[PDB]
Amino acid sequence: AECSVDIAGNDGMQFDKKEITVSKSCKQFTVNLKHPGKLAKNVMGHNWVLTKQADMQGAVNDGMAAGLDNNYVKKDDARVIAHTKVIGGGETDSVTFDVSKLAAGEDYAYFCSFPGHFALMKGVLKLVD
């Protein structure tokens, strides 16, 4: 079991994975977000943001308000455990977080906070083993 995962966000506004499972054998965990497909960042940009299940809609709505040049994430938003940049067709971005910021027993939502993308691009991350 690895301590990283690859996840693609595409032009039909979908992520290919709905569940990321973080092993407790990991001290650090990496998410590599790649955007296959040909649309530009300005129309079909994607990021991957990690928040606790209950904090998600708050993070999305304040993110919307933050803008592309903030990667649609409120700066220093306490709720966001980890997040990539907004990338467009043909890019990749990666984020690494301490598995120690996660509590087993808690459930986590990962989503794209690019405007209105959260409705399809959303999933759960959970601590495993």
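The numbering used is simple: start at 1 and walk along the sequence shown.
- Higher mean CA temperature factor, per the PDB entry, when comparing 83-91 with 51-59: 51-59.
- For the two regions 113-121 and 19-27, the entry's Cα B-factors average higher over 19-27.
- Highest CA B-factor among 34, 41, 38, 74, as stated in the entry: 74.
- The entry lists a Cα temperature factor for residue 5 that places it in the middle third of the chain's modelled residues.
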